[PDB]
């Protein structure tokens, strides 16, 4: 058993030399073998790894923890997610730390340590994650990432070079005798033993510009002449609306001169251009895309939004997969015969403009990616990205295969529109991402959340921030909102509390400027901060474990614990909205008992019925006076 094999190894390597730095919050209460200098602590990584793996292994019964927890629990439905508390993480960032204990962070240092996040360090953090009250860890893509077309010194986890392989960088040199796939398997075993479920992330529609799939399936990709790389951009039609074009608009679009030049930038796959040349390079050493560019003078194109007139820039680190062998049915009557496969708004949203010939071999591969993870490591659920673009038949196959192996498997839709819950449910999903963080961060918008949640037909991840948005600690009235926002949000109907990595220590710097973000957030840190201006998605970044917001850390732990103490109300009580202009408020009544969630977002204090009151601490008073930006849970 790998987790035990790793424990055995650590005990073997133990030496007592404390030269590996970790922030004090990473040291568990039971661990005493460490030196403390300058705020941080030093340990023998093997003693820390041995004692924490012991702590974990001692709680194991004698089942096989390499399969989904649902198996050990005998569950046949994804109902468990409704009682879970999720911690979201980009392992590379969550577990990054300068182990030298001085100077600047380095991906790998002279002492032999990998300061970047590893699956082994994610294991060491398990006691910390568990202390937050989380019982499910959601991870951003950990598949092999492409190192081409990067925006910084680190690749985006969404630039997937191989869906079936984990990125070797998650391997930790401390565990030389082990392989990355084994470290991950061990990581999931440790989670399962602790009752923690694992949810991964996949993006079927796209691939890295130099995807490993190119050598054996060069025809599953699109190609353009290198000469056309520099000015390759989505052809605009300013007279038309900013949106995904409909059928009628296509006729207009296809007659525009700029679209016609666009269509002419494409070529046939390298295998169909020079069969002999292909075979030659196809079996050559070096980056496959660099070989194709040099030998054939063609390259995969960068991706771009499927909405016409979208002002966002092209996605240079990814490209689209060829979902159909033929061009979209409704567009064929506008193409010159012999038109090679091309990318345009319609081809991207295959769900709306499909061809008559599905690329079955690709479809099968795609529908076998998650099951490969369920069977190999026993993951418990997954988030599917860009599902809007997938044909219904391909999405159905993908879900059938995972549910076939484990009917308790939770499928999470990357659906930000909380009004699209009905459609997501109809698509086969079990949970929706939603956009609660947008309202939770605005005093003038937070009161809309109660009705929004109540109307859902699927549970949602109740977040106050995600990897793509600004941190809650940087929103207006942050000092108050960093506690008020999660309180109101985590208690909503149909909620699955979500804790974003770093949120628990009041992290300010955003990880990415994706959704609802302002470039000025790039400068919330001090110009003297080693990580000033850096975005975790594209650059090496270490969260501020050495200077955490302890007030937020403590409140979050207590909030999750109290919320769980009353979980039965949230899940089965009768809900009633009591929100007013100045007061966001609602209640849950059950078996004659009732709890009330309240938060004052007005300019003047307000009073409400008392009883036993919680606001971080428990008190008892008949009346509760909520000054502006104060809140409380009232138990009557």
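Numbering follows the first chain given and starts at 1.
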Stretch with the higher entry mean CA B-factor, where the candidates are 515-523 and 180-188: 515-523
Higher-scoring stretch by recorded Cα B factor average, 235-243 or 129-137: 235-243
Highest recorded Cα temperature factor - choice among 532, 373, 105, 278: 278
Among 507, 75, 165, 317 - the residue whose C-alpha B-factor is largest in the record: 75
Entry-reported Cα temperature factor of residue 197, expressed as the chain third it lands in: middle
Third of the chain's Cα B-factor distribution that residue 14 belongs to, per the entry: middle
Among modelled residues of the same chain, the CA temperature factor third for residue 605: highest
Position of residue 51 among the chain's modelled residues by C-alpha B-factor, lowest, middle or highest third: lowest
Ranked C-alpha temperature factor of residue 366 among modelled chain residues, by third: highest
